[PDB]
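Only one structure is covered here, and it is reproduced in the block below.
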Ligand SMILES: CCCCCCCCCCCCCCCCCC(=O)OC[C@H](CO[C@@H]1O[C@H](COC2O[C@H](CO)[C@H](O)[C@H](O)[C@H]2O)[C@H](O)[C@H](O)[C@H]1O)OC(=O)CCCCCCCCCCCCCCCCC
Ligand code: CLA
Ligand code: CLA
Ligand code: CLA
Ligand code: CLA
Ligand SMILES: CC(C)=CCC/C(C)=C/CC/C(C)=C/CC/C(C)=C/CC/C(C)=C/CC/C(C)=C/CC/C(C)=C/CC/C(C)=C/CC/C(C)=C/CC1=CC(=O)C(C)=C(C)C1=O
Ligand SMILES: [Ca+2]
Ligand SMILES: [Fe+2]
């Protein structure tokens with residue numbers, strides 16, 4: 008059905024005026040609730056280094072990598 | 001020896017140029 | 026419809042007005058409104074953010090500094106005294122924008138769609154060599170009066186900011202305009218290369234004022250002459266007479282003025298005071314040399330005989346024609362002249378005795394100021410070299426102006442080529458394709 | 008062609024949909040990011 | 027990994043006594059430091075004389091000591107050479123010379139204290155970066 | 013038979029042609045594009061390069077990117093369920109699993125797409141020169157994002173997916189491989205640069221050599237979507253260039269084949285050059301030059317000059333660009349000219 | 010004689026000349042022969058040039074130790090800056106070759122002629138009854154030579170900072186540029202590569218689509234090219250079959266069916282992109298450089314969290330810190 012017709016159908020907007028902002032507010036909350044940070048192990052502004060340390064948590068060996076990463080989170084990093 | 005080789009090729013490209021512009025196959029219609 | 030697709034394509038819409046004098050007037054009157062609107066609306070924007078006790082160049086200003094130069098709201102050394110003249114100039118324009126905008130909108134959607142009939146005086150014919158030469162003549166006078174409108178402000182109404190001011194930068198009344206043609210027009214015969222800089226080498230207000238006196242007259246003179254004439258013979262067998270062709274000619278004209286402006290704001294010190302704009306490119310590189318020759322000299326170093334890595338002269342060296350200049354990469358800017366640095370120059374260039382004990386504190390801090398405000402910065406406005414750190418948010422007004430106008434100047438030169446190319450094909454008449462039937466090339470002998 | 012019917016859940020709908028919903032789920036997050044202070 | 031009050035607690039005077047800045051003063055100093063210093067002291071160096079930096083140790087061996095709020099503050103009012111054997115208020119911004127360095131006119135004792143605090147706090151956060159130059163960028 | 017019915021359905025002419033190829037193309041092509049868009053905004057490169065790399069951390073469209081895996085990983089495929097991530101998703105993300113994901117997926121996606129061209133070509137009954145052409149971009153992707161790092165220590169030295177993250181790939185190659193001096197890279201550019209010329213030049217030659225088939229100025233409408241006569245004077249074009257440049261086409265069939273050749277050959281060459289940079293078999297120096305520079309201190313060419321620029325790039329970058337090497341270059345060891 | 014000058018003007022302007030020497034040509038032909046002849050001699054035999062004005066001659070000619078790839082014609086001295094240095098400005102040629110005189114003689118004549126070359130690309134189109142604008146496509150590559158050979162030097166204060174005339178000499182211009190302007194991080198350069206990449210891309214698209222949809226008129230063992238005769242009436246390819254295939258690759262409305270709109274796009278894209286690239290170099294000639302995102306993203310304490318933008322800065326510093334070894338005497342590089 009010719010896009011033109013659909014993007015003009017009041018039915019369309021009646022549906023998407025609900026759907027679009029829906030998706031938006033969802034993603035917004037995804038970030039604003041701090042959930043995204045945990046889904047992607049991404050550091051929060053206060054989690055790059057431990058208070059004193061100025062070294063980087065560089066993963067140094069493949070196989071025991073996951074294990075090594077976990078320990079990096081340990082030093083309150 | 002190298003200089004000569006560089007200039008020679010250059011001189012050869014310019015020669016080509018000449019022949020290409022002035023000795024092409026006249027472009028015939030229909 | 027008065028004008029639709031069976032005229033031109035939508036995206037070439039404004040060319041549908043090539044022959045509707047009236048409406049084509051609304052455009053020009055509505056447009057001229059946008060310029061006043063901007064000028065006005067921007068000034069107030071600048072002033073709204075303007076902080077008196079802080080350099081103008083450190084505030085992203087480019088209009089207030091234009092007013093300041095005409096001697097308005099400033100005093101000793103470019104010190105801002107009264108912000109009223111700024112507010113005024115700003116609001117006035119902003120208002121006139123409404124007046125013009127009115128006329129524009131009016132002439133483009135209510136008034137006559139053509140003029141020729143609603144008044145034969147205003148209506149016009151592109152090919153009417155006389156109407157053209159005449160309207161051109163009217164405008165040649167309006168512009169001429171303007172050129173004098175400046176000569177007046179400077180000689181009678183207040184002055185202009187003269188940075189070269191004897192007592193040190195200050196608003197000064199010019200009462201002795203250079204009228205000597207030998208000098209005035211001398212500038213046009215000046216090289217555009219290093220040293221001899223052509224028009225941009227103007228370095229004192231007398232010539233500026235003087236020269237404008239000449240332009241105002243010479244200009245109005247030609248305004249009358251065109252009013253009272255028609256193009257001769259060659260003038261006619263040489264040019265193309267059409268709506269586009271005329272445009273083109275004015276396009277190439279602006280382009281050229283656009284390039285000249287780019288260089289003026291980049292190089293000139295006089296009509297663009299480093300006090301309101303920033304220090305010039307060369308002026309800043311000069312100041313670094315000044316700064317360090319000044320420093321190290323205090324630490325006990327003999328600047329005159331210091332030998333740098335290359336064996337050329339850490340602080341002072343010689344130019345190609347023998348004059349003593351600052352050393353370092355700054356050897357390329359030995360053509361820089363400036364209030365702050367001149368008192369150190371001798372008849373042979375930088376004098377080792379003055380440099381040795383006549384350097385004044387105001388100069389030391391001037392050199393320091395300008396050194397740390399060179400026209401280097403990023404798009405996101407991070408002053409300094411590309412490898413610098415964030416902190417000092419700044420990009421010299423001289424950099425902004427110069428780039429914007431080179432782009433505009435350029436595209437306009439394309440505009441010229443484009444509209445001129447169209448006009449020549451339009452005239453002879455083939456700007457819409459080769460006549461399938463009579464294909465010119467097909468009647469010419471084979472070169473093969 | 009046809010007494011001009013057309014189905015609601017078409018085919019291209021999908022194509023333009025798997026590139027739709029997500030595009031918003033992101034441009035909705037990415038905006039909310041601007042408010043993250045230091 | 028955050029700017030706690032601790033990182034903000036810096037030496038007030040020569041006799042060991044300290045003061046603790048607040049996230050407001052800090053930011054405020056940082057803003058003022060940009061308004062009247064970055065021009066030449068961006069990142070703790072000194073463009074018009076690279077030999078003297080704002081590293082706390084450098085300020086410690088200064089004369090008089092300029093590595094505490096009291097010190098830097100005096101300096102911003104009546105500047106001197108590293109040996110203090112010469113006043114330079116004429117070619118260095120300071121309160122006693124705001125006529126010559128306008129940017130220093132607004133500046134009030136409250137502002138001077140913040141700027142000073144920033145100088146002692148920055149190296150605490152950045153470390154080597156603060157003192158050195160492009161080598162550390 | 014269901015097969016021919018499965019076929020029937022697929023090869024059905026829709027808005028967005030699916031086809032057999034699509035069964036490979038769309039799954040991958042979408043996953044590749046998706047993974048990028050995901051990492052660009054959500055995943056970080058901290059545990060991997062000690063770098064913030066997503067919108068969520070503060071990066072803008074230029075600084076964001078899906079960074080390569082650690083150097084520890086080596087050439088590991090880094091599968092979500094492999095020895096590294098161990099089925100875990102978040103860890104996978106932090107170990108740069110998203111790189112081999114985008115890489116490998118997009119890779120198949122380029123296979124699927126070329127196949128598509130091949131499949132659609134066949135159906136529509138046209139020659140497959142659109143597919144031959146696309147071999148060029150495959151080669152680039154294959155040699156650069158796969159073959160290259162496969163020759164190095166690990167995926168870590170492959171170009172990371174991102175705008176800026178690619179500029180460092182460029183700077184690196186100059187600095188370490190002195191890539192600009194490579195005969196193959198040159199051919200590369202001669203082709204891309206020369207190809208972007210044919211493009212522009214041919215386009216203009218056509219638009220300003222058109223016959224008049226309408227009464228309007230906007231000559232776009234004046235075109236016969238249904239063949240017939242040539243829409244522009246091929247005969248006039250020939251004479252123009254033959255008088256301004258001296259040489260000029262005169263066989264649209266060749267003029268157009270040439271346009272396929274130039275840029276596809278260029279990219280092929282630029283690929284070979286890189287396939288060689290994998291083994292570090294670069295075109296770094298000219299021995300005769302180095303020997304004279306050693307014995308004679310006054311000999312200076314724009315070449316020697318460049319090599320010094322490289323030394324600086326390597327010395328000042330290596331530290332934060334190769335973290336796994338725990339480089340420590342004392343200030344006194346850092347090459348630098350005077351004053352700067 | 011219908012009148013010598015009357016005749017002269019008829020020859021010059023004659024459209025029957027193998028090579029159209031036009032009015033613009035009268036300026037072109039000489040300037041271009043000087044530029045070319047001086048270059049070739051320079052590149053082969055010119056002696057070392059003190060490009061940086063610090064008495065440290067850089068030899069860039071074949072006979073003085075260079076090969077095609079390294080060799081180049083070196084820029085005028087920095088001691089000279091923007092000053093005009095015509096041969097008649099030197100006590101001798103020896104002095105002129107040492108300060109890089111040949112460079113100016115070449116850039117000026119070339120830029121002069123290459124412009125007229127544009128003026129000519131118009132004239133001939135006029136004498137032949139074809140629409141203009143081709144010369145406007147050529148305004149892009151020209152506007153670049155200009156930016157790289159004149160604007161940048163004017164802006165920077167010296168011709169010694171203009172792009173050298175040689176392979177390696179050009180890489181030098183690039184590597185240093187990047188360090189002082191961070192061009193890769195500038196919108197205009199990016200638009201530039203889009204135009205160039207795109208061009209080559211499209212050049213391949215068109216090229217293939219067309220060549221692949223050619224009407225059969227040739228043998229199985231006969232060059233498919235012969236299927237075209239110079240001076241044909243009808244088209245040589247099925248632009249409807251072409252569009253048919255390409256419309257299915259992506260989707261119909263995202264495909265050209267109007268050969269005129271196709272070819273406009275084909276020309277518009279690269280020319281517009283290169284126009285911006287040329288404006289980039291002409292803009293960064295006044296120090297309005299690329300985006301500087303150094304130390305933008307910083308953490309909760311104030312620590313600096315690097316981005317690829319920073320890894321780029323290090324590579325830039327290396328270039329900065331090493332270029333022009335002996336030319337600097339002070340802290341800031343303002344030249
Ligand atoms: C053939 C067809 C051709 C078609 C051609 C079409 C051409 C269209 C051109 C369109 C637009 C040109 C736009 C120029 C924009 C300039 C923006 C700018 O100056 O912007 C400045 C700002 C500022 O950024 C901020 O800069 C800031 C700080 O500066 C400073 O602030 C500090 C304190 O905060 C200190 O004071 C410091 O000293 C001071 O310098 C901070 O660092 C911030 O963290 C930082 O975010 O820009 C930002 O945020 C920018 C985020 C930008 C993303 C930009 C993408 C730009 C271009 C993409 C092009 C893709 C093209 C593809 C083309 C394909 C085919 C053609
Ligand atoms: C920048 C100035 C500018 C100006 C002055 C004009 C002016 C004009 N155009 Mg263009 N045009 C422009 C830019 C401009 N155009 C651009 C960028 C494009 C491409 C997008 C076009 C594409 C185009 C086409 C395709 C056509 C025109 C036509 C016309 C004429 C239309 C008359 C009409 O029916 O108006 C319609 C106007 C309105 C419904 C409302 C207009 C409101 C404006 C005037 C003012 C807004 C300001 C404010 C609200 C007014 C308050 C003032 C205050 C003092 C009280 C008119 C002379 C037509 C023509 O050829 O006519 C002969 C035509 O077919 N134009
Ligand atoms: C820029 C060029 C321009 C031009 C050529 C015209 C031309 C014209 N206008 Mg427009 N107009 C303009 C701008 C312009 N106008 C603007 C910006 C506005 C917005 C206010 C208007 C609003 C406007 C209206 C509302 C009307 C016209 C009308 C007319 C026509 C009137 C007939 C006539 O000659 O009386 C022009 C009148 C005078 C010259 C007398 C004005 C006297 C005083 C008040 C002002 C003098 C102005 C100036 C500073 C004098 C300089 C003197 C010198 C010695 C220093 C005429 C064709 C009328 C019309 O529809 O005609 C068909 C009409 O009703 N115009
Ligand atoms: C699209 C937006 C645009 C904008 C915002 C600007 C903005 C500006 N341009 Mg620019 N320009 C543009 C496009 C644009 N331009 C284009 C397309 C070109 C063609 C290439 C140019 C070419 C150009 C040049 C060549 C120059 C500028 C300049 C300027 C600045 C001029 C300041 C001024 O007073 O205006 C100009 C104002 C007028 C013409 C009005 C005349 C006013 C006279 C009559 C009276 C003045 C009052 C008098 C002295 C007081 C007397 C009182 C009495 C009682 C005694 C300004 C920042 C100038 C500059 O300073 O650059 C650094 C400059 O030289 N521009
Ligand atoms: C100085 C005065 C001047 C004047 C009066 C004109 C007038 C005209 N030009 Mg012309 N032109 C000029 C300068 C000028 N030009 C220059 C300097 C160039 C070089 C680029 C051109 C290049 C040019 C072309 C290539 C064409 C014209 C055309 C036309 C006619 C167009 C009618 C129309 O509807 O345009 C309205 C124009 C548009 C809608 C253009 C779209 C512009 C978009 C892409 C960008 C707008 C950018 C905006 C300023 C920045 C913000 C962008 C945002 C996304 C952030 C009209 C008669 C057309 C014609 O038919 O001529 C006979 C045509 O094809 N001009
Ligand atoms: C002794 C001394 C002085 C020595 C040397 C001096 C010196 C500096 C020499 C430098 C030269 C040098 C060494 C260069 C190195 C680069 C080099 C040789 C690389 C070679 C290897 C290489 C790139 C191989 C493959 C890559 C490839 C395909 C490149 C293609 C480049 C190329 C030919 C681009 C086209 C440029 C061009 C002008 C095309 C014009 C086309 C045509 C004439 C248009 C006219 C035309 C348009 C129409 O639209 C229509 C319709 C018709 C009908 C028509 O006619
Ligand atoms: Ca906080
Ligand atoms: Fe074509």
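Chains as they are written, first to last, in PDB author numbering: chain E, 8 to 84; chain T, 1 to 30; chain C, 26 to 473; chain F, 8 to 45; chain V, 27 to 163; chain D, 13 to 352; chain A, 10 to 344. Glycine included, C-beta positions come from ideal geometry on N, C-alpha and C.
Cβ neighbour criterion (16 or more within 10 Å) applied to residue i
i: residue 315 of chain D; result: buried
i: residue 45 of chain E; result: exposed
i: residue 35 of chain A; result: exposed
i: residue 143 of chain D; result: buried
i: residue 235 of chain A; result: exposed
Close Cβ partners of residue i (< 6 Å) along its chain, the five nearest in sequence each way excluded
i: residue 127 of chain D; result: 33
Run of the alpha helix (DSSP H) containing residue i, from where it starts to where it stops
i: residue 34 of chain F; result: 28-34
i: residue 195 of chain C; result: Taken as a continuous stretch (DSSP letters only), residue 195 of chain C belongs to no alpha helix (DSSP H), being part of the beta strand (DSSP E) at 195-197.
i: residue 21 of chain T; result: 2-22
Opening and closing residue of the beta strand (DSSP E) in which residue i lies
i: residue 37 of chain V; result: 35-37
i: residue 185 of chain C; result: 185-187
i: residue 342 of chain C; result: 341-343
Chain-order list of residues whose beta-carbon lies under 7 Å from that of residue i (same chain, five-residue window excluded)
i: residue 256 of chain A; result: 264
Query raised in the report: Pairing CB atoms from the stretch 59-74 of chain V with CB atoms from the stretch 410-425 of chain C, are three or more of them under 8 Å?
Result: yes
Report task. Specify whether the stretch 33-42 of chain F and the stretch 27-42 of chain E touch according to this definition: at least 3 beta carbon pairs, one from each stretch, less than 8 Å apart. Result -> yes
Query - Touch test, the stretch 316-326 of chain C against the stretch 362-374 of chain C, Cβ-Cβ under 8 Å, three pairs minimum - result: no
Query raised in the report: Does the stretch 199-213 of chain D come close enough to the stretch 279-293 of chain A to have 3 or more Cβ pairs within less than 8 Å?
Result: yes
**Report entry** Meets three-Cβ-pair contact criterion under 8 Å: the stretch 103-117 of chain A and the stretch 190-202 of chain A
**Finding:** no
Query - Contact the stretch 49-66 of chain D vs the stretch 101-109 of chain D: 3+ CB pairs below 8 Å - result: yes
Query raised in the report: Is the number of C-beta pairs between the stretch 203-220 of chain A and the stretch 426-434 of chain C that are closer than 8 Å three or more?
Result: no
Query - At least three beta-carbon pairs within less than 8 Å, the stretch 139-156 of chain D to the stretch 278-287 of chain D - result: yes
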